[PDB]
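S.K.: I am sharing start13.csv, which consists of CSV, C-alpha atoms:
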chain,number,residue,atom,x,y,z
L,1,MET,CA,30.1,0.8,-18.6
L,2,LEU,CA,27.3,0.6,-16.0
L,3,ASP,CA,24.2,-0.3,-18.0
L,4,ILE,CA,21.2,-0.5,-15.6
L,5,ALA,CA,17.7,-1.3,-16.9
L,6,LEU,CA,14.5,-1.4,-14.9
L,7,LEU,CA,10.8,-2.1,-15.7
L,8,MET,CA,8.5,-2.2,-12.6
L,9,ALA,CA,4.9,-2.8,-13.8
L,10,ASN,CA,2.1,-2.4,-11.3
L,11,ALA,CA,-1.7,-2.8,-11.0
L,12,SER,CA,-4.5,-2.6,-8.5
L,13,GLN,CA,-8.3,-3.1,-8.9
L,14,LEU,CA,-10.9,-2.7,-6.2
L,15,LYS,CA,-14.6,-3.5,-6.6
L,16,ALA,CA,-17.8,-3.4,-4.5
L,17,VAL,CA,-20.8,-4.6,-6.4
L,18,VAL,CA,-23.7,-4.1,-4.0
L,19,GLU,CA,-27.1,-5.5,-5.2
F,1,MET,CA,29.3,5.4,-19.8
F,2,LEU,CA,26.5,5.1,-17.3
F,3,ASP,CA,23.4,4.2,-19.3
F,4,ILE,CA,20.4,3.9,-17.0
F,5,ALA,CA,16.9,3.1,-18.4
F,6,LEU,CA,13.7,3.0,-16.5
F,7,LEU,CA,10.1,2.2,-17.4
F,8,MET,CA,7.6,2.1,-14.4
F,9,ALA,CA,4.1,1.4,-15.7
F,10,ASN,CA,1.2,1.8,-13.2
F,11,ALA,CA,-2.5,1.3,-13.1
F,12,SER,CA,-5.5,1.5,-10.7
F,13,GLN,CA,-9.2,1.0,-11.1
F,14,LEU,CA,-11.9,1.3,-8.5
F,15,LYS,CA,-15.6,0.5,-9.0
F,16,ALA,CA,-18.8,0.5,-7.0
F,17,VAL,CA,-21.8,-0.7,-8.9
F,18,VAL,CA,-24.8,-0.3,-6.6
F,19,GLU,CA,-28.1,-1.7,-7.9
V,1,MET,CA,30.8,-3.7,-17.5
V,2,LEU,CA,28.1,-3.9,-14.8
V,3,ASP,CA,24.9,-4.8,-16.7
V,4,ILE,CA,22.0,-4.9,-14.2
V,5,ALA,CA,18.4,-5.7,-15.4
V,6,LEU,CA,15.3,-5.7,-13.3
V,7,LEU,CA,11.6,-6.4,-14.0
V,8,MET,CA,9.3,-6.4,-10.9
V,9,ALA,CA,5.8,-7.0,-11.9
V,10,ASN,CA,3.0,-6.5,-9.4
V,11,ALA,CA,-0.8,-6.9,-9.0
V,12,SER,CA,-3.6,-6.7,-6.5
V,13,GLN,CA,-7.3,-7.1,-6.7
V,14,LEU,CA,-9.9,-6.7,-3.9
V,15,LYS,CA,-13.6,-7.4,-4.3
V,16,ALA,CA,-16.7,-7.3,-2.0
V,17,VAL,CA,-19.8,-8.5,-3.8
V,18,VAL,CA,-22.7,-8.0,-1.4
V,19,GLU,CA,-26.0,-9.3,-2.5
S,1,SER,CA,-29.1,-0.7,5.0
S,2,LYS,CA,-25.9,-1.5,3.1
S,3,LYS,CA,-22.5,0.2,2.8
S,4,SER,CA,-19.1,-0.3,1.4
S,5,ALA,CA,-15.7,1.5,1.5
S,6,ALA,CA,-13.1,0.5,-1.2
S,7,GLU,CA,-10.0,2.4,-0.1
S,8,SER,CA,-6.4,2.2,-1.4
S,9,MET,CA,-3.2,4.2,-1.7
S,10,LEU,CA,-0.1,3.5,-3.8
S,11,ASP,CA,3.4,5.0,-3.5
S,12,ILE,CA,6.7,5.0,-5.3
S,13,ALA,CA,10.2,6.4,-4.6
S,14,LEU,CA,13.4,6.3,-6.6
S,15,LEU,CA,17.0,7.3,-5.9
S,16,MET,CA,20.1,7.2,-8.1
S,17,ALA,CA,23.4,8.5,-6.7
S,18,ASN,CA,26.0,7.8,-9.3
S,19,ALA,CA,29.2,9.4,-10.5
S,20,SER,CA,32.0,8.9,-13.0
S,21,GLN,CA,35.6,9.9,-13.8
S,22,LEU,CA,37.9,9.5,-16.8
S,23,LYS,CA,41.4,10.5,-17.8
S,24,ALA,CA,43.7,9.9,-20.8
S,25,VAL,CA,47.4,10.6,-21.1
M,1,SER,CA,-27.7,-4.3,7.8
M,2,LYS,CA,-24.6,-5.2,5.7
M,3,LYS,CA,-21.2,-3.6,5.4
M,4,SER,CA,-17.8,-4.2,3.9
M,5,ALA,CA,-14.4,-2.4,3.9
M,6,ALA,CA,-11.9,-3.4,1.2
M,7,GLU,CA,-8.7,-1.5,2.1
M,8,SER,CA,-5.2,-1.8,0.7
M,9,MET,CA,-2.0,0.1,0.3
M,10,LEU,CA,1.1,-0.6,-1.9
M,11,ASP,CA,4.6,0.9,-1.6
M,12,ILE,CA,7.8,0.8,-3.6
M,13,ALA,CA,11.4,2.1,-2.9
M,14,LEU,CA,14.5,2.0,-5.0
M,15,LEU,CA,18.1,3.0,-4.4
M,16,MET,CA,21.2,2.9,-6.7
M,17,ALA,CA,24.5,4.1,-5.4
M,18,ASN,CA,27.0,3.4,-8.1
M,19,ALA,CA,30.2,4.9,-9.4
M,20,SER,CA,33.0,4.4,-12.0
M,21,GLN,CA,36.5,5.3,-12.9
M,22,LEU,CA,38.8,4.9,-15.9
M,23,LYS,CA,42.3,5.9,-17.0
M,24,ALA,CA,44.4,5.2,-20.1
M,25,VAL,CA,48.1,5.9,-20.4
D,1,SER,CA,-26.3,-8.1,10.5
D,2,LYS,CA,-23.3,-9.0,8.4
D,3,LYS,CA,-19.9,-7.4,8.0
D,4,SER,CA,-16.5,-8.0,6.3
D,5,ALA,CA,-13.1,-6.3,6.2
D,6,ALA,CA,-10.7,-7.3,3.5
D,7,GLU,CA,-7.4,-5.5,4.3
D,8,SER,CA,-4.0,-5.8,2.8
D,9,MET,CA,-0.7,-3.9,2.3
D,10,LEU,CA,2.3,-4.7,0.1
D,11,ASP,CA,5.8,-3.2,0.2
D,12,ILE,CA,9.0,-3.3,-1.8
D,13,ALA,CA,12.5,-2.1,-1.3
D,14,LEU,CA,15.6,-2.2,-3.5
D,15,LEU,CA,19.3,-1.4,-3.0
D,16,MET,CA,22.2,-1.5,-5.4
D,17,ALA,CA,25.6,-0.3,-4.1
D,18,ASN,CA,28.1,-1.1,-6.9
D,19,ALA,CA,31.3,0.4,-8.3
D,20,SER,CA,33.9,-0.2,-10.9
D,21,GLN,CA,37.5,0.8,-12.0
D,22,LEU,CA,39.6,0.3,-15.1
D,23,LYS,CA,43.1,1.2,-16.2
D,24,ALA,CA,45.1,0.6,-19.3
D,25,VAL,CA,48.9,1.1,-19.8
I,1,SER,CA,46.5,17.0,-7.9
I,2,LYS,CA,43.9,16.2,-5.3
I,3,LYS,CA,40.1,15.7,-5.6
I,4,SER,CA,37.1,14.7,-3.5
I,5,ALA,CA,33.4,14.1,-4.1
I,6,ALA,CA,31.1,14.0,-1.0
I,7,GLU,CA,27.7,12.9,-2.4
I,8,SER,CA,24.5,11.9,-0.6
I,9,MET,CA,20.8,11.7,-1.0
I,10,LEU,CA,18.0,11.2,1.6
I,11,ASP,CA,14.4,10.2,1.0
I,12,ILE,CA,11.2,9.7,3.0
I,13,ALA,CA,7.7,8.4,2.3
I,14,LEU,CA,4.6,8.1,4.4
I,15,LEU,CA,1.2,6.5,4.0
I,16,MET,CA,-1.8,6.4,6.3
I,17,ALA,CA,-4.9,4.6,5.0
I,18,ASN,CA,-7.4,4.7,7.9
I,19,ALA,CA,-11.1,4.9,8.4
I,20,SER,CA,-13.8,4.8,11.2
I,21,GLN,CA,-17.5,4.2,11.8
I,22,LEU,CA,-19.8,4.7,14.7
I,23,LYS,CA,-23.5,4.3,15.4
I,24,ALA,CA,-25.7,4.8,18.5
I,25,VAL,CA,-29.3,3.6,19.0
N,1,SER,CA,47.7,12.3,-7.4
N,2,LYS,CA,45.1,11.6,-4.7
N,3,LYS,CA,41.3,11.2,-4.9
N,4,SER,CA,38.4,10.2,-2.7
N,5,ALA,CA,34.6,9.6,-3.1
N,6,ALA,CA,32.4,9.5,0.0
N,7,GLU,CA,29.0,8.5,-1.3
N,8,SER,CA,25.8,7.6,0.6
N,9,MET,CA,22.1,7.4,0.3
N,10,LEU,CA,19.4,6.9,2.9
N,11,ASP,CA,15.7,5.9,2.5
N,12,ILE,CA,12.6,5.6,4.6
N,13,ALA,CA,9.1,4.2,4.0
N,14,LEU,CA,6.0,4.0,6.2
N,15,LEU,CA,2.6,2.4,5.9
N,16,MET,CA,-0.4,2.4,8.2
N,17,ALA,CA,-3.6,0.7,7.0
N,18,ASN,CA,-5.9,0.7,10.0
N,19,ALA,CA,-9.6,1.0,10.7
N,20,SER,CA,-12.2,0.9,13.5
N,21,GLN,CA,-15.9,0.4,14.2
N,22,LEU,CA,-18.1,1.0,17.2
N,23,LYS,CA,-21.8,0.6,18.0
N,24,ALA,CA,-24.0,1.1,21.1
N,25,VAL,CA,-27.5,0.0,21.7
J,1,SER,CA,48.8,7.7,-6.7
J,2,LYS,CA,46.3,7.0,-4.0
J,3,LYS,CA,42.5,6.6,-4.0
J,4,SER,CA,39.6,5.7,-1.8
J,5,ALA,CA,35.8,5.1,-2.1
J,6,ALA,CA,33.7,5.1,1.0
J,7,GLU,CA,30.3,4.1,-0.1
J,8,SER,CA,27.1,3.2,1.8
J,9,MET,CA,23.4,3.1,1.6
J,10,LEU,CA,20.7,2.6,4.4
J,11,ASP,CA,17.1,1.7,4.0
J,12,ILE,CA,14.0,1.4,6.2
J,13,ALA,CA,10.5,0.1,5.7
J,14,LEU,CA,7.5,-0.1,8.0
J,15,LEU,CA,4.0,-1.6,7.8
J,16,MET,CA,1.1,-1.6,10.2
J,17,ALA,CA,-2.1,-3.3,9.1
J,18,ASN,CA,-4.4,-3.2,12.2
J,19,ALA,CA,-8.1,-2.9,12.9
J,20,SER,CA,-10.6,-2.9,15.8
J,21,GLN,CA,-14.3,-3.4,16.6
J,22,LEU,CA,-16.5,-2.7,19.6
J,23,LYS,CA,-20.1,-3.1,20.5
J,24,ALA,CA,-22.2,-2.5,23.7
J,25,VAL,CA,-25.7,-3.6,24.4
B,1,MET,CA,-9.3,4.5,20.1
B,2,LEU,CA,-6.3,4.0,17.8
B,3,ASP,CA,-3.6,6.2,19.2
B,4,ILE,CA,-0.5,6.0,17.0
B,5,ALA,CA,2.7,8.1,17.8
B,6,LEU,CA,5.8,8.3,15.7
B,7,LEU,CA,9.1,10.1,16.1
B,8,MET,CA,11.8,9.3,13.4
B,9,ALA,CA,14.9,11.3,14.0
B,10,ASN,CA,17.6,11.3,11.3
B,11,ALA,CA,21.0,12.7,10.7
B,12,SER,CA,23.9,12.7,8.1
B,13,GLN,CA,27.2,14.4,8.0
B,14,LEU,CA,29.8,14.2,5.2
B,15,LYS,CA,33.3,15.8,5.3
B,16,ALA,CA,36.3,16.0,3.1
B,17,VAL,CA,39.2,17.9,4.6
B,18,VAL,CA,41.9,18.1,2.0
B,19,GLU,CA,45.2,19.7,3.1
H,1,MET,CA,-11.1,8.3,17.9
H,2,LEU,CA,-8.0,7.9,15.7
H,3,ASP,CA,-5.3,10.1,17.2
H,4,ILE,CA,-2.2,10.0,15.0
H,5,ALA,CA,0.9,12.0,16.0
H,6,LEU,CA,4.1,12.3,13.9
H,7,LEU,CA,7.4,14.2,14.4
H,8,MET,CA,10.1,13.4,11.8
H,9,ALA,CA,13.2,15.5,12.5
H,10,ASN,CA,15.9,15.5,9.9
H,11,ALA,CA,19.4,17.0,9.4
H,12,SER,CA,22.3,16.9,6.9
H,13,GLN,CA,25.7,18.7,6.8
H,14,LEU,CA,28.3,18.5,4.1
H,15,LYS,CA,31.7,20.2,4.4
H,16,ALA,CA,34.9,20.4,2.2
H,17,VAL,CA,37.7,22.4,3.9
H,18,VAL,CA,40.4,22.6,1.3
H,19,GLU,CA,43.7,24.2,2.5
R,1,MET,CA,-7.5,0.7,22.3
R,2,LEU,CA,-4.6,0.2,19.9
R,3,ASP,CA,-1.8,2.4,21.2
R,4,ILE,CA,1.2,2.2,18.9
R,5,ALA,CA,4.4,4.1,19.6
R,6,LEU,CA,7.5,4.3,17.4
R,7,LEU,CA,10.9,6.1,17.7
R,8,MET,CA,13.4,5.2,15.0
R,9,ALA,CA,16.6,7.2,15.5
R,10,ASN,CA,19.2,7.2,12.7
R,11,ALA,CA,22.6,8.6,12.0
R,12,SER,CA,25.4,8.4,9.4
R,13,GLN,CA,28.8,10.1,9.1
R,14,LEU,CA,31.3,9.8,6.3
R,15,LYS,CA,34.8,11.4,6.3
R,16,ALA,CA,37.8,11.5,3.9
R,17,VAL,CA,40.7,13.5,5.4
R,18,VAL,CA,43.3,13.6,2.7
R,19,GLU,CA,46.6,15.1,3.7
Have the structure of the file written as structure tokens, please.

M.R.:
Amino acid sequence: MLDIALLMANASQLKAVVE
Amino acid sequence: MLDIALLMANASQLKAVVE
Amino acid sequence: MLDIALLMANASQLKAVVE
Amino acid sequence: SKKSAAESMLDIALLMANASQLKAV
Amino acid sequence: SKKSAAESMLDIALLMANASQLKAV
Amino acid sequence: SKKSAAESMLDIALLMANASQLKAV
Amino acid sequence: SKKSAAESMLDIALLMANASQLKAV
Amino acid sequence: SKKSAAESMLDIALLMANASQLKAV
Amino acid sequence: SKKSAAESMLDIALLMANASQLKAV
Amino acid sequence: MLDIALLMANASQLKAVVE
Amino acid sequence: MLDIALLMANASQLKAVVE
Amino acid sequence: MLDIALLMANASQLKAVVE
């Protein structure tokens, strides 16, 4: 019984607020 | 019995608020 | 019984607020 | 004059080479 | 004059070479 | 004149070479 | 009885985030 | 009875975050 | 009874975060 | 001038000569 | 001038000569 | 001038000669 679990969350957020 | 589970969430958000 | 679990969160956030 | 260049690129790759055998007598 | 260059790149790679055997007598 | 260059790059790599055996008599 | 199981799996991934600028006066 | 299990898995990953600028006056 | 299990797994990862600037007056 | 060159050869050869 | 070159050869050869 | 060169050869060879 080879039970493998895997949960690879990820995120990315760029922002360029010119005024 | 080879039970493999996998849950790879992902996200990305760019933004350019010129004024 | 080879139970392997794995949870690799991740994040990244760039920002360039010119005025 | 004012500019900006927000650039990014993500990538993912997965591989699962597995096998199994079973015998009863 | 004003500029900016926010640049990034992520990457992921996975590998799982497994196997199994079983016998009853 | 004013500039800026925020640059980055992440990377991940995984490997799992496993096996198993089992016998009953 | 005789068996065999030759198993394999290759993988490749590439990424190129580049840019450029140029001005003459 | 005789068995065998030749198993393998290769992987590659590349990343190139570059940039450039140039000005003449 | 005779068995064997030749198992292997290779992996590679590359990263190149570079930049450049140049000005003439 | 950002001259990047790249040459990644590769090979693999499995064999199971049962008699 | 961003000159990028790339040449990724590859090969694979399986064989099972039962007799 | 950022001249980068790269040449990553690779090889692998499995074999199971049962008799």

S.K.: For chain L against chain S, which residues fall within 7 Å using only C-alpha atoms, given as a PDB file with C-alpha atoms, in the frame of the given file?

M.R.:
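Output saved as result.pdb:
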ATOM      1  CA  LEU L  14     -10.900  -2.700  -6.200  1.00  0.00           C
ATOM      2  CA  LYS L  15     -14.600  -3.500  -6.600  1.00  0.00           C
ATOM      3  CA  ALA L  16     -17.800  -3.400  -4.500  1.00  0.00           C
TER       4      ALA L  16
END

S.K.: Mind checking which residues fall within 8 Å of residue 10 (chain V), counting only C-alpha atoms, ignoring those fewer than 2 positions away in the same chain, and posting them as a PyMOL selection string?

M.R.: (chain L and resi 8-11) or (chain V and resi 8+12)

S.K.: The coordinates of chain D, once least-squares superposed on chain M over all sequentially paired C-alpha atoms, should be supplied as a PDB file with C-alpha atoms, in the coordinates of the input.

M.R.:
ATOM      1  CA  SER D   1     -27.706  -4.391   7.778  1.00  0.00           C
ATOM      2  CA  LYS D   2     -24.637  -5.249   5.762  1.00  0.00           C
ATOM      3  CA  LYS D   3     -21.249  -3.604   5.458  1.00  0.00           C
ATOM      4  CA  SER D   4     -17.795  -4.157   3.852  1.00  0.00           C
ATOM      5  CA  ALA D   5     -14.417  -2.412   3.848  1.00  0.00           C
ATOM      6  CA  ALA D   6     -11.930  -3.377   1.215  1.00  0.00           C
ATOM      7  CA  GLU D   7      -8.677  -1.535   2.107  1.00  0.00           C
ATOM      8  CA  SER D   8      -5.233  -1.788   0.702  1.00  0.00           C
ATOM      9  CA  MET D   9      -1.946   0.156   0.295  1.00  0.00           C
ATOM     10  CA  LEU D  10       1.124  -0.602  -1.821  1.00  0.00           C
ATOM     11  CA  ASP D  11       4.600   0.944  -1.623  1.00  0.00           C
ATOM     12  CA  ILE D  12       7.855   0.888  -3.534  1.00  0.00           C
ATOM     13  CA  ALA D  13      11.324   2.134  -2.936  1.00  0.00           C
ATOM     14  CA  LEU D  14      14.485   2.077  -5.049  1.00  0.00           C
ATOM     15  CA  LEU D  15      18.158   2.926  -4.446  1.00  0.00           C
ATOM     16  CA  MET D  16      21.125   2.866  -6.765  1.00  0.00           C
ATOM     17  CA  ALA D  17      24.471   4.110  -5.370  1.00  0.00           C
ATOM     18  CA  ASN D  18      27.058   3.346  -8.100  1.00  0.00           C
ATOM     19  CA  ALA D  19      30.276   4.890  -9.410  1.00  0.00           C
ATOM     20  CA  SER D  20      32.955   4.327 -11.937  1.00  0.00           C
ATOM     21  CA  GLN D  21      36.570   5.375 -12.936  1.00  0.00           C
ATOM     22  CA  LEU D  22      38.762   4.906 -15.976  1.00  0.00           C
ATOM     23  CA  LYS D  23      42.279   5.853 -16.978  1.00  0.00           C
ATOM     24  CA  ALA D  24      44.372   5.283 -20.022  1.00  0.00           C
ATOM     25  CA  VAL D  25      48.177   5.834 -20.416  1.00  0.00           C
TER      26      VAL D  25
END

S.K.: Calculate how many Å separate CA of residue 3 (chain L) from CA of residue 7 (chain V), rounding to one decimal.

M.R.: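 According to the coordinates, CA of residue 3 (chain L) and CA of residue 7 (chain V) are separated by 14.6 Å.
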
S.K.: Quick one: residues within 6 Å of residue 17 (chain L), only C-alpha atoms, excluding same-chain residues fewer than 2 positions away - as a list in words?

M.R.: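 Surrounding residues, per the criterion: residues 16, 17 and 18 of chain F; 17 of chain V.
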